[PDB]
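Shown next: run_16.pdb, containing PDB, N, CA and C atoms.
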ATOM      1  N   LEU A   1     193.177 172.721 118.874
ATOM      2  CA  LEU A   1     192.930 171.368 119.193
ATOM      3  C   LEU A   1     192.821 170.567 117.982
ATOM      4  N   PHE A   2     192.141 171.189 117.029
ATOM      5  CA  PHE A   2     191.931 170.777 115.706
ATOM      6  C   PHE A   2     193.258 170.497 115.058
ATOM      7  N   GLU A   3     194.294 171.313 115.335
ATOM      8  CA  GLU A   3     195.631 171.070 114.846
ATOM      9  C   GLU A   3     196.121 169.742 115.286
ATOM     10  N   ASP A   4     195.947 169.533 116.563
ATOM     11  CA  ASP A   4     196.634 168.507 117.245
ATOM     12  C   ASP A   4     195.992 167.245 116.859
ATOM     13  N   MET A   5     194.730 167.353 116.440
ATOM     14  CA  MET A   5     194.046 166.275 115.823
ATOM     15  C   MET A   5     194.682 165.831 114.579
ATOM     16  N   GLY A   6     195.213 166.744 113.763
ATOM     17  CA  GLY A   6     195.848 166.347 112.542
ATOM     18  C   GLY A   6     197.143 165.675 112.810
ATOM     19  N   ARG A   7     197.859 166.158 113.815
ATOM     20  CA  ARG A   7     199.113 165.568 114.183
ATOM     21  C   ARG A   7     199.024 164.179 114.613
ATOM     22  N   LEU A   8     198.028 163.957 115.444
ATOM     23  CA  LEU A   8     197.706 162.707 116.024
ATOM     24  C   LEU A   8     197.386 161.758 114.968
ATOM     25  N   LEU A   9     196.635 162.295 114.033
ATOM     26  CA  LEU A   9     196.127 161.542 112.988
ATOM     27  C   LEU A   9     197.187 161.041 112.143
ATOM     28  N   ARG A  10     198.191 161.869 111.887
ATOM     29  CA  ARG A  10     199.357 161.434 111.243
ATOM     30  C   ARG A  10     200.035 160.375 111.987
ATOM     31  N   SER A  11     200.206 160.484 113.293
ATOM     32  CA  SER A  11     200.889 159.468 114.063
ATOM     33  C   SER A  11     200.228 158.141 113.953
ATOM     34  N   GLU A  12     198.927 158.227 113.995
ATOM     35  CA  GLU A  12     198.117 157.122 113.778
ATOM     36  C   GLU A  12     198.354 156.635 112.416
ATOM     37  N   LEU A  13     198.460 157.514 111.443
ATOM     38  CA  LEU A  13     198.488 157.112 110.092
ATOM     39  C   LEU A  13     199.583 156.256 109.845
ATOM     40  N   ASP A  14     200.756 156.649 110.319
ATOM     41  CA  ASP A  14     201.916 155.863 110.067
ATOM     42  C   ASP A  14     201.704 154.570 110.662
ATOM     43  N   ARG A  15     201.100 154.592 111.824
ATOM     44  CA  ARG A  15     200.700 153.382 112.353
ATOM     45  C   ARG A  15     199.725 152.608 111.478
ATOM     46  N   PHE A  16     198.668 153.136 110.870
ATOM     47  CA  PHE A  16     197.835 152.309 110.028
ATOM     48  C   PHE A  16     198.445 151.655 108.884
ATOM     49  N   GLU A  17     199.216 152.432 108.172
ATOM     50  CA  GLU A  17     199.734 152.026 106.903
ATOM     51  C   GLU A  17     200.619 150.858 107.114
ATOM     52  N   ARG A  18     201.377 151.069 108.182
ATOM     53  CA  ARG A  18     202.276 150.147 108.714
ATOM     54  C   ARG A  18     201.563 148.936 109.085
ATOM     55  N   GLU A  19     200.383 149.089 109.693
ATOM     56  CA  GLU A  19     199.636 147.963 110.100
ATOM     57  C   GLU A  19     199.394 147.118 108.938
ATOM     58  N   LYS A  20     199.062 147.814 107.906
ATOM     59  CA  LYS A  20     198.392 147.176 106.911
ATOM     60  C   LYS A  20     198.947 146.007 106.273
ATOM     61  N   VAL A  21     200.221 146.070 106.028
ATOM     62  CA  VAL A  21     200.966 145.042 105.387
ATOM     63  C   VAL A  21     200.859 143.762 106.104
ATOM     64  N   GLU A  22     200.939 143.870 107.404
ATOM     65  CA  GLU A  22     201.106 142.862 108.371
ATOM     66  C   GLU A  22     199.906 142.013 108.329
ATOM     67  N   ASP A  23     198.727 142.629 108.150
ATOM     68  CA  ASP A  23     197.466 141.932 108.228
ATOM     69  C   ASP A  23     197.460 140.864 107.204
ATOM     70  N   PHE A  24     197.971 141.262 106.083
ATOM     71  CA  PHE A  24     197.875 140.569 104.879
ATOM     72  C   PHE A  24     198.900 139.669 104.784
ATOM     73  N   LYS A  25     199.940 139.910 105.527
ATOM     74  CA  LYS A  25     201.076 139.116 105.487
ATOM     75  C   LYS A  25     200.650 137.826 105.991
ATOM     76  N   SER A  26     199.955 137.939 107.086
ATOM     77  CA  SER A  26     199.317 136.851 107.689
ATOM     78  C   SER A  26     198.284 136.292 106.746
ATOM     79  N   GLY A  27     197.527 137.173 106.087
ATOM     80  CA  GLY A  27     196.617 136.794 105.074
ATOM     81  C   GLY A  27     197.210 135.817 104.115
ATOM     82  N   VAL A  28     198.355 136.225 103.599
ATOM     83  CA  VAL A  28     199.196 135.725 102.571
ATOM     84  C   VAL A  28     199.648 134.434 103.025
ATOM     85  N   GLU A  29     199.971 134.366 104.280
ATOM     86  CA  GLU A  29     200.314 133.168 104.917
ATOM     87  C   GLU A  29     199.211 132.186 104.846
ATOM     88  N   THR A  30     197.948 132.615 105.033
ATOM     89  CA  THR A  30     196.858 131.649 105.049
ATOM     90  C   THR A  30     196.733 130.996 103.751
ATOM     91  N   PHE A  31     196.959 131.828 102.777
ATOM     92  CA  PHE A  31     197.067 131.340 101.508
ATOM     93  C   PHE A  31     198.194 130.361 101.302
ATOM     94  N   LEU A  32     199.368 130.717 101.795
ATOM     95  CA  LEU A  32     200.565 130.044 101.396
ATOM     96  C   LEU A  32     200.492 128.622 101.684
ATOM     97  N   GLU A  33     200.086 128.425 102.900
ATOM     98  CA  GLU A  33     199.904 127.198 103.537
ATOM     99  C   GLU A  33     198.873 126.402 102.861
ATOM    100  N   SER A  34     197.767 127.063 102.477
ATOM    101  CA  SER A  34     196.678 126.359 101.889
ATOM    102  C   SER A  34     197.091 125.732 100.627
ATOM    103  N   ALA A  35     197.918 126.437  99.866
ATOM    104  CA  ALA A  35     198.483 125.912  98.670
ATOM    105  C   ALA A  35     199.420 124.757  98.802
ATOM    106  N   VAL A  36     200.382 124.826  99.727
ATOM    107  CA  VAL A  36     201.362 123.777  99.828
ATOM    108  C   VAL A  36     200.681 122.522 100.239
ATOM    109  N   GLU A  37     199.752 122.713 101.153
ATOM    110  CA  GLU A  37     198.913 121.709 101.681
ATOM    111  C   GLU A  37     198.071 121.134 100.704
ATOM    112  N   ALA A  38     197.582 121.944  99.790
ATOM    113  CA  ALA A  38     196.817 121.479  98.693
ATOM    114  C   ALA A  38     197.577 120.503  97.889
ATOM    115  N   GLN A  39     198.867 120.781  97.645
ATOM    116  CA  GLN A  39     199.672 119.891  96.858
ATOM    117  C   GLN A  39     199.908 118.674  97.654
ATOM    118  N   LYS A  40     199.958 118.839  98.967
ATOM    119  CA  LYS A  40     199.946 117.721  99.811
ATOM    120  C   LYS A  40     198.729 116.883  99.707
ATOM    121  N   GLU A  41     197.554 117.507  99.647
ATOM    122  CA  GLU A  41     196.272 116.897  99.583
ATOM    123  C   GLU A  41     196.202 116.025  98.414
ATOM    124  N   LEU A  42     196.725 116.517  97.318
ATOM    125  CA  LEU A  42     196.884 115.670  96.212
ATOM    126  C   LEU A  42     197.791 114.540  96.466
ATOM    127  N   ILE A  43     198.902 114.769  97.141
ATOM    128  CA  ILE A  43     199.828 113.709  97.362
ATOM    129  C   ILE A  43     199.275 112.587  98.130
ATOM    130  N   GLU A  44     198.518 112.828  99.185
ATOM    131  CA  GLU A  44     197.871 111.713  99.807
ATOM    132  C   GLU A  44     196.916 111.066  98.916
ATOM    133  N   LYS A  45     196.177 111.869  98.119
ATOM    134  CA  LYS A  45     195.246 111.291  97.190
ATOM    135  C   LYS A  45     195.996 110.386  96.284
ATOM    136  N   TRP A  46     197.182 110.789  95.846
ATOM    137  CA  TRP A  46     198.015 109.927  95.098
ATOM    138  C   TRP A  46     198.391 108.691  95.831
ATOM    139  N   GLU A  47     198.794 108.820  97.096
ATOM    140  CA  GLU A  47     199.446 107.719  97.733
ATOM    141  C   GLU A  47     198.579 106.549  97.739
ATOM    142  N   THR A  48     197.341 106.824  98.049
ATOM    143  CA  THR A  48     196.236 105.951  98.017
ATOM    144  C   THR A  48     195.986 105.267  96.747
ATOM    145  N   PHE A  49     196.161 105.954  95.626
ATOM    146  CA  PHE A  49     195.691 105.413  94.384
ATOM    147  C   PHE A  49     196.846 104.781  93.730
ATOM    148  N   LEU A  50     198.064 104.990  94.281
ATOM    149  CA  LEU A  50     199.154 104.089  94.057
ATOM    150  C   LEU A  50     198.803 102.830  94.753
ATOM    151  N   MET A  51     198.239 102.991  95.964
ATOM    152  CA  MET A  51     197.856 101.908  96.812
ATOM    153  C   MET A  51     196.656 101.244  96.224
ATOM    154  N   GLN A  52     196.008 101.899  95.251
ATOM    155  CA  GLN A  52     195.193 101.225  94.299
ATOM    156  C   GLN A  52     196.104 100.892  93.122
TER     157      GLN A  52
ATOM    158  N   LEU B   1     173.300  86.592  57.351
ATOM    159  CA  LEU B   1     173.986  87.895  57.453
ATOM    160  C   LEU B   1     173.752  88.677  58.697
ATOM    161  N   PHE B   2     172.509  88.711  59.139
ATOM    162  CA  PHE B   2     171.976  89.257  60.340
ATOM    163  C   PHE B   2     172.638  88.685  61.588
ATOM    164  N   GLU B   3     172.868  87.370  61.620
ATOM    165  CA  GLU B   3     173.591  86.687  62.691
ATOM    166  C   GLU B   3     174.987  87.228  62.754
ATOM    167  N   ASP B   4     175.665  87.336  61.611
ATOM    168  CA  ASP B   4     177.064  87.755  61.556
ATOM    169  C   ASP B   4     177.151  89.170  61.769
ATOM    170  N   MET B   5     176.134  90.001  61.540
ATOM    171  CA  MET B   5     176.160  91.446  62.020
ATOM    172  C   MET B   5     176.232  91.594  63.464
ATOM    173  N   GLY B   6     175.538  90.733  64.250
ATOM    174  CA  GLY B   6     175.589  90.763  65.692
ATOM    175  C   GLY B   6     176.892  90.281  66.162
ATOM    176  N   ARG B   7     177.500  89.273  65.533
ATOM    177  CA  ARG B   7     178.770  88.735  65.867
ATOM    178  C   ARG B   7     179.876  89.793  65.750
ATOM    179  N   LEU B   8     179.902  90.606  64.665
ATOM    180  CA  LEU B   8     180.725  91.739  64.318
ATOM    181  C   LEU B   8     180.609  92.798  65.318
ATOM    182  N   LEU B   9     179.335  93.044  65.789
ATOM    183  CA  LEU B   9     179.001  93.964  66.890
ATOM    184  C   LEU B   9     179.589  93.557  68.241
ATOM    185  N   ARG B  10     179.599  92.270  68.557
ATOM    186  CA  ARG B  10     180.294  91.769  69.739
ATOM    187  C   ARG B  10     181.746  92.044  69.771
ATOM    188  N   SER B  11     182.467  91.722  68.652
ATOM    189  CA  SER B  11     183.912  91.831  68.443
ATOM    190  C   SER B  11     184.184  93.287  68.608
ATOM    191  N   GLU B  12     183.358  94.199  67.987
ATOM    192  CA  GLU B  12     183.513  95.603  68.144
ATOM    193  C   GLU B  12     183.285  96.069  69.570
ATOM    194  N   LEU B  13     182.248  95.581  70.256
ATOM    195  CA  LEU B  13     181.938  96.059  71.571
ATOM    196  C   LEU B  13     183.012  95.891  72.573
ATOM    197  N   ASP B  14     183.615  94.692  72.684
ATOM    198  CA  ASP B  14     184.769  94.544  73.628
ATOM    199  C   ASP B  14     185.955  95.434  73.256
ATOM    200  N   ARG B  15     186.349  95.678  71.932
ATOM    201  CA  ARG B  15     187.405  96.570  71.565
ATOM    202  C   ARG B  15     187.189  97.969  72.064
ATOM    203  N   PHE B  16     185.934  98.414  71.806
ATOM    204  CA  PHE B  16     185.480  99.746  72.047
ATOM    205  C   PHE B  16     185.564 100.086  73.526
ATOM    206  N   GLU B  17     185.120  99.164  74.378
ATOM    207  CA  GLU B  17     185.013  99.255  75.753
ATOM    208  C   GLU B  17     186.461  99.460  76.393
ATOM    209  N   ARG B  18     187.445  98.657  75.949
ATOM    210  CA  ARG B  18     188.810  98.753  76.415
ATOM    211  C   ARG B  18     189.385 100.086  76.072
ATOM    212  N   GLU B  19     189.078 100.551  74.807
ATOM    213  CA  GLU B  19     189.480 101.820  74.290
ATOM    214  C   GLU B  19     189.094 102.987  75.223
ATOM    215  N   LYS B  20     187.848 102.986  75.726
ATOM    216  CA  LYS B  20     187.302 104.100  76.390
ATOM    217  C   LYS B  20     188.149 104.453  77.627
ATOM    218  N   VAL B  21     188.612 103.343  78.351
ATOM    219  CA  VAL B  21     189.455 103.408  79.522
ATOM    220  C   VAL B  21     190.821 104.088  79.284
ATOM    221  N   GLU B  22     191.394 103.779  78.073
ATOM    222  CA  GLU B  22     192.754 104.184  77.724
ATOM    223  C   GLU B  22     192.762 105.715  77.583
ATOM    224  N   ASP B  23     191.690 106.209  76.913
ATOM    225  CA  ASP B  23     191.527 107.627  76.688
ATOM    226  C   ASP B  23     191.431 108.384  77.964
ATOM    227  N   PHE B  24     190.756 107.819  78.983
ATOM    228  CA  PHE B  24     190.445 108.636  80.162
ATOM    229  C   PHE B  24     191.649 108.493  81.018
ATOM    230  N   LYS B  25     192.491 107.482  80.842
ATOM    231  CA  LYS B  25     193.715 107.476  81.559
ATOM    232  C   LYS B  25     194.669 108.541  81.079
ATOM    233  N   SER B  26     194.784 108.678  79.723
ATOM    234  CA  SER B  26     195.563 109.796  79.137
ATOM    235  C   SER B  26     195.035 111.149  79.461
ATOM    236  N   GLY B  27     193.697 111.300  79.465
ATOM    237  CA  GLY B  27     192.891 112.337  80.096
ATOM    238  C   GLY B  27     193.227 112.749  81.439
ATOM    239  N   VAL B  28     193.307 111.750  82.361
ATOM    240  CA  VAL B  28     193.785 111.871  83.741
ATOM    241  C   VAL B  28     195.225 112.247  83.795
ATOM    242  N   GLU B  29     196.105 111.698  82.918
ATOM    243  CA  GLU B  29     197.491 112.162  82.780
ATOM    244  C   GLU B  29     197.634 113.642  82.433
ATOM    245  N   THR B  30     196.821 114.230  81.529
ATOM    246  CA  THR B  30     196.855 115.647  81.188
ATOM    247  C   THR B  30     196.524 116.472  82.391
ATOM    248  N   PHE B  31     195.571 116.079  83.218
ATOM    249  CA  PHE B  31     195.220 116.735  84.469
ATOM    250  C   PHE B  31     196.375 116.752  85.417
ATOM    251  N   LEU B  32     197.035 115.525  85.591
ATOM    252  CA  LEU B  32     198.116 115.329  86.476
ATOM    253  C   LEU B  32     199.242 116.311  86.144
ATOM    254  N   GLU B  33     199.715 116.399  84.865
ATOM    255  CA  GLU B  33     200.829 117.262  84.493
ATOM    256  C   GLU B  33     200.520 118.743  84.798
ATOM    257  N   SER B  34     199.293 119.183  84.548
ATOM    258  CA  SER B  34     198.888 120.608  84.799
ATOM    259  C   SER B  34     198.912 120.992  86.276
ATOM    260  N   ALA B  35     198.427 120.040  87.117
ATOM    261  CA  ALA B  35     198.262 120.219  88.588
ATOM    262  C   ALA B  35     199.581 120.408  89.251
ATOM    263  N   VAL B  36     200.558 119.508  88.901
ATOM    264  CA  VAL B  36     201.870 119.568  89.460
ATOM    265  C   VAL B  36     202.638 120.855  88.982
ATOM    266  N   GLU B  37     202.437 121.203  87.711
ATOM    267  CA  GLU B  37     203.063 122.364  87.056
ATOM    268  C   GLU B  37     202.621 123.655  87.658
ATOM    269  N   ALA B  38     201.303 123.724  88.025
ATOM    270  CA  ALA B  38     200.648 124.756  88.764
ATOM    271  C   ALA B  38     201.224 125.009  90.104
ATOM    272  N   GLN B  39     201.514 123.906  90.819
ATOM    273  CA  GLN B  39     202.120 124.094  92.136
ATOM    274  C   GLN B  39     203.612 124.514  92.083
ATOM    275  N   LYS B  40     204.361 124.056  91.108
ATOM    276  CA  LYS B  40     205.680 124.527  90.928
ATOM    277  C   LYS B  40     205.626 125.985  90.598
ATOM    278  N   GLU B  41     204.720 126.417  89.660
ATOM    279  CA  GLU B  41     204.675 127.771  89.178
ATOM    280  C   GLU B  41     204.410 128.703  90.366
ATOM    281  N   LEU B  42     203.485 128.316  91.274
ATOM    282  CA  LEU B  42     203.101 128.907  92.483
ATOM    283  C   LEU B  42     204.273 129.001  93.437
ATOM    284  N   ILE B  43     205.197 128.024  93.617
ATOM    285  CA  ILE B  43     206.406 128.088  94.482
ATOM    286  C   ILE B  43     207.263 129.181  93.972
ATOM    287  N   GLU B  44     207.417 129.239  92.588
ATOM    288  CA  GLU B  44     208.183 130.337  92.003
ATOM    289  C   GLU B  44     207.530 131.718  92.286
ATOM    290  N   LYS B  45     206.175 131.843  92.254
ATOM    291  CA  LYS B  45     205.473 133.078  92.620
ATOM    292  C   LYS B  45     205.758 133.440  94.037
ATOM    293  N   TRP B  46     205.712 132.406  94.902
ATOM    294  CA  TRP B  46     206.058 132.607  96.285
ATOM    295  C   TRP B  46     207.431 133.129  96.526
ATOM    296  N   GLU B  47     208.418 132.524  95.770
ATOM    297  CA  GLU B  47     209.802 132.905  95.903
ATOM    298  C   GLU B  47     210.056 134.352  95.592
ATOM    299  N   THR B  48     209.437 134.840  94.503
ATOM    300  CA  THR B  48     209.555 136.234  93.992
ATOM    301  C   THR B  48     209.271 137.216  95.052
ATOM    302  N   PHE B  49     208.306 137.016  95.974
ATOM    303  CA  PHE B  49     207.906 137.990  96.902
ATOM    304  C   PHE B  49     208.549 137.791  98.231
ATOM    305  N   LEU B  50     209.294 136.673  98.457
ATOM    306  CA  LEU B  50     210.264 136.551  99.532
ATOM    307  C   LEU B  50     211.444 137.486  99.233
ATOM    308  N   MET B  51     211.896 137.492  97.950
ATOM    309  CA  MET B  51     213.064 138.255  97.543
ATOM    310  C   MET B  51     212.721 139.711  97.478
ATOM    311  N   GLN B  52     211.352 140.085  97.426
ATOM    312  CA  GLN B  52     211.054 141.477  97.685
ATOM    313  C   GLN B  52     210.754 141.604  99.204
TER     314      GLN B  52
END

As structure tokens, please, write out the structure in this file.
Amino acid sequence: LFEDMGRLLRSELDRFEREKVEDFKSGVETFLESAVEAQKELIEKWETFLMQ
Amino acid sequence: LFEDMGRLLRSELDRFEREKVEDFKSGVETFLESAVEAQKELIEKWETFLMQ
């Protein structure tokens, strides 16, 4: 049974590792957006102070 | 002489005051160039890991 636990575990494993990227990908995305937006944030700040 | 020292101080004070503004505008310009350069550099970082 103990064997089959290792097998399973491997199946799972491939699944975890695989999971992993994805989490972060999305992670990475949260970042990505935050940055572009940040430059946007500045841009509105600019627009205004042009408007000043 | 004392009267004309204060007079000299006036002439100096308005010069000085205008000066202070000019510096912080160039100051603000140094910030501006770094901020925009940062976001470009970041787009290039982003690009690198799309291509991987």

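Within the file as shown, the ChimeraX specification (/B :<8) & /A identifies residues 32, 35, 36 and 39 of chain A.
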
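Straight-line separation from atom CA of residue B:4 to atom CA of residue B:16: 18.0 Å.
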
### Message
Matching each Cα of chain B to the same-order Cα of chain A and superposing by least squares, what RMSD do you find?
### Response
0.8 Å

Mind giving me the axis-aligned box for stretch 13-31 of chain B with 5 Å on every side, centre plus edges in Å to one decimal, as lines of an AutoDock Vina configuration file?
center_x = 189.8
center_y = 105.6
center_z = 77.8
size_x = 25.7
size_y = 32.2
size_z = 25.2

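Computed from the coordinates, the atom CA of residue A:37 to atom CA of residue B:51 distance equals 22.2 Å.
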
### Query
Hey, can you check how far atom N of residue B:31 sits from atom CA of residue B:45?
21.8 Å
